[PDB]
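Shown below, as structure tokens, is a lone chain in the form deposited in one PDB entry; questions about how it binds or moves come after it.
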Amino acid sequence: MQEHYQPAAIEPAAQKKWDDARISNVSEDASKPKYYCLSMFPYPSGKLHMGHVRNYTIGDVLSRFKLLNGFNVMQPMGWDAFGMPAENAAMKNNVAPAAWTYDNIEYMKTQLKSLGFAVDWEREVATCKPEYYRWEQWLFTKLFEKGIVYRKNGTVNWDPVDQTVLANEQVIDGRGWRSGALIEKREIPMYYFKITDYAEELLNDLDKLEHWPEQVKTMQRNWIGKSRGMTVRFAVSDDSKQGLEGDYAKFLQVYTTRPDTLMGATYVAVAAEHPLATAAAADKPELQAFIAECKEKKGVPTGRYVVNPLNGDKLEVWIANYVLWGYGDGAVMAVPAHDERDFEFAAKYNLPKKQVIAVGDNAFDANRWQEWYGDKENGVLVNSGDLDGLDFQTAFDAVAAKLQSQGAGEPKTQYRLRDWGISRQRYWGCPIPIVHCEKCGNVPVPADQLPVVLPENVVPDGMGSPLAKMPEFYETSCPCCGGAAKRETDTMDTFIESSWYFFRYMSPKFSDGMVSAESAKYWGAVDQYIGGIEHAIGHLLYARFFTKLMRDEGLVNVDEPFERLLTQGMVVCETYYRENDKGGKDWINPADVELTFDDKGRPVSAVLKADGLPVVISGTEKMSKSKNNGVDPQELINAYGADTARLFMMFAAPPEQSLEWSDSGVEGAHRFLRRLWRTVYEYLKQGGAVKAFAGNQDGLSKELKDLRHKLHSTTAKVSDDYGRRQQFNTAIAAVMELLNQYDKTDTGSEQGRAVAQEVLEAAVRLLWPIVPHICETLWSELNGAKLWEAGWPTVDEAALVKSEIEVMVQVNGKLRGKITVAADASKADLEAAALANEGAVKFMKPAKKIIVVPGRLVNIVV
């Protein structure tokens, strides 16, 4: 065994040894239980950084742990190669989108392979190749036939910098998720996935996700934004139906999320476009002056009345500016004693306020809005007839019973969520499989003629959709009539691919469907998913929707894609930038910046070392490829070795917690790896290997007994930490503690060396998921078997039994007590414990003499 710890020697070798054994290349093996552990795959938007190390070392640790426990482990990796992140990274580097993506993919494969991750590279996938995206083209056409995908004009979010429309999930604080520019409103046709159709299931199936962080689940609940309301009809009075036709003559329909207040409505409000507004203004020009005014909070009375269904009150109808014709009903009711928006409006014109809710008994002031009025949680109903005394839940159902039995209403559910707009005016994206024919309409491309192949030799000129200036691409024949027609030039958003790729990993070479039935039946769902919480509202919602879509088609048979979700905390570091002449920002790596400090130690100035000219200091921020603040793992592997990169990131903090970059933390992770190497080498220099201690330990010294206790305690604690707590920093700390006691333990005797062997064989296996290169090498110097067949270390709980004795206690001869003591518990602690529990102190004045038998009995004399 060499004595210097040289990563560049042992690390490539260990990777070659794992690769040759094909340990990470798994198939649908029914003899082993399956474990699908997946980390969120990267965009080719630059170099990987130490945040990615943390992300994927977490995954690798969980996979390697389950592999050592006999599981059949699939840990795949691929590339989110389509869409905006790879294209923008390509144009900022003035490279063709295809050329850049394929080059960055190979650099990221190089970067990841130097880290020794146990990845099944035979399932590698690049979402920009036709053999991938043809299958989402196929799913598009099928859904389009059913109308689950549809095209429609409407108001959309427009990113002026990326020159494309985004989905509502791609707008972050009114700005583009990639550009950061303010989003404008525009009316553009778009292809939508009808995600509102699945709004109820996506909300209710979050209750199934017991191993998801509750933040992700509540954030998706608030994004789906469910509200249970009530459709309510107020009949038009027998003397206001002038000019009204159809249903608009007989009733005024409104919506309300507070149907419990219905007995308190004192007037209604109507839209200028609502038909009762037009017949009321037909002979009243001042009403048409308001109808022309907007079409702030203003309103006019109309003198036409509608009847409350629940008590027969005749309420006056108001033209109001806050009733946007597009409400669904275009009209509301107004309970001003319990809605702030309505109390303000009905103080503007002195309308009445009847109170119908009491909270405990907060006194009711008619012209003084108190916050308890809108309490939908701690209130019971007042002045409401047989609805008196009900709470909000019970009064909801009772109003629905009332309204439905007379037909005047019914519950109606609304969602803040809107359909998913996936069209993009961009080149580097999966082509949309539609052909517009002047005779047949928007027709899908037949399954036999898929994929519609995106040409890869294009460079965007940065001036609109490049495919739309390419008649060689869009001029085609109609699939239905043979006539001339044009291809859809918009492409699919990048979140299409990432919504199903976890299935593609199960059969990436399958050429007849999205995923083959035999492999989807085997791999089931992703057992473990690891990725940042920033995906809560977009990807982690999209992927549940797609999974349900694929299930309803018969491709998969799971309801949810990811059983366990671990959201790792962000590695953060400094970030700098300049402002470019295009109004944007040019981000700069802290390694190209030279700082100037204050007298107190604060950075004051920062200049780029290339030109000495200043740069702006942006402060600590998440390590990001798009903000050019990453620490490259290859620059650490070359200097310190891959294991040090891995050990530092699993040790600095618990996986969920924020981690700040520091050079001290890298040196420390290395000195421990030297300590591990030095420990195994020194043990081997003074004797060589021996058969690890096992079996009964009667006869071992107390000191080595204590060590075996520390040993199997640690194995138990590391096992609990990998596979229940999923806390890796504390698994590493426990092994250090084990090594601390080993350093303090004389292990030179024949039995001591057998215990040293047992400890070291255990330690390197315990740390193999975290630092596999150094452990695999050390294991081979200690033991000739294959590490992954020796398996995960077992806890020998015989070694956990404490070394104790139970001595007799007597008073003047006759036995009256029994006490527990340590093995080497001195006669003073013995005699003190003997004269300190029941039998001796209840039959005792002090003792005249205490004769002690060494480790047998102690007799009190009185």
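In this text, rigid core is short for the largest set of C-alphas that superpose within 1.5 Å between two forms. So that there is no doubt, residue numbering starts at 1 and follows the sequence shown.
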query: Interresidue gap class [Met844, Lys845; deposited sequence, unmodelled]; finding: 1 to 3
query: Deposited residues lacking coordinates between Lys295 and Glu296 (none, 1 to 3, 4 to 9, 10 or more); finding: 10 or more
query: 496 to 504 set against 280 to 288, stretch whose average Cα temperature factor tops the other in the entry; finding: 280 to 288
query: Comparing 783 to 791 with 645 to 653, the one whose average Cα B-factor in the PDB entry is higher; finding: 783 to 791
query: Peak C-alpha temperature factor (PDB record), options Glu316, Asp632, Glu518, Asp706; finding: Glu316
query: Deposited CA B-factor, highest of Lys34, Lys827, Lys47, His52; finding: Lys827
query: Entry-reported Cα temperature factor of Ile851, expressed as the chain third it lands in; finding: highest
query: Assigned third (lowest, middle, highest) for the C-alpha B factor of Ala840; finding: highest
query: CA B-factor ranking of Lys376, expressed as a third of its chain; finding: highest
query: Third assignment of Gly554 from its chain's C-alpha B-factors; finding: lowest
query: Third assignment of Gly299 from its chain's C-alpha B-factors; finding: highest
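FYI, the form deposited in another entry isn't displayed, but the following is about it.
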| item | value |
| --- | --- |
| Answer among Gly524, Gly723, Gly441, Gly326 for the CA shift between this form and the one not shown that reaches 2 Å or more, rigid core superposed | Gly326 |
| CA of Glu131, rigid core aligned, shift of 2 Å or more between this form and the one not shown | no |
| Large Cα move at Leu613 between this form and the one not shown, threshold 2 Å, rigid core | yes |
| Cα displacement of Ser507 between this form and the one not shown reaching 2 Å, rigid core superposed | no |
| Direction of C-alpha distance change in the other entry, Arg418 to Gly326 (at least 3 Å) | closer |
| Cα distance between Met463 and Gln170, which in the other entry differs by 3 Å or more from this form, closer or farther | closer |
